[PDB]
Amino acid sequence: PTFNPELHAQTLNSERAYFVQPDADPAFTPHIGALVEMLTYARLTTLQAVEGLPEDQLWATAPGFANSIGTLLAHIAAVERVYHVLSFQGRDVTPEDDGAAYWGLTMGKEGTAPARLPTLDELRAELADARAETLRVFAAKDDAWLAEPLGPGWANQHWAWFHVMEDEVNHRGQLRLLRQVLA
């Protein structure tokens, strides 16, 4: 099996979003399944935080908030893209080889900037596309894989994917405050 969205939370407006069910979906082994639930919840809460945002506020900053909502959304997707390289391809990321991801990763300070800045819809599409790739690969792996060190070292697979989730939540806390300042 592959990821079936109907077996996971699709909205925060349901009791499903408040259950972590590691065996919900036969596409995933148990620890991987638990990660999928957590990643799903983190993404639903990121999207709720920016839902309805006036588009003229997307790149706005404020005192104490050096990174705009758009910058943070680019960053969240880019961290996932970076971990596809570290976790799935097994190599370190560089600005040479991974320029777009590196730009997102570094809040636009390094790497390769896009030709024009993305719209909010494009940012959400890139978030979804990154996540689709994660879930594709997760369906191919098992919990023994999750215990392995990363190819480039210094962490294990379980931590790496936890970190993708945790960093999203970290920046979503920031997004909540910035939106409130701007709006």
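So that there is no doubt, residue numbering starts at 1 and follows the sequence shown.
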{"query": "Of 42 to 50 and 56 to 64, the stretch whose C-alpha atoms average the higher B-factor in the entry", "finding": "56 to 64"}
{"query": "Assigned third (lowest, middle, highest) for the C-alpha B factor of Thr106", "finding": "middle"}
{"query": "Ranked C-alpha temperature factor of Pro152 among modelled chain residues, by third", "finding": "middle"}
{"query": "Ranked C-alpha temperature factor of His75 among modelled chain residues, by third", "finding": "lowest"}
{"query": "Chain-relative CA temperature factor third for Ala113", "finding": "lowest"}
{"query": "Entry-reported Cα temperature factor of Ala139, expressed as the chain third it lands in", "finding": "highest"}
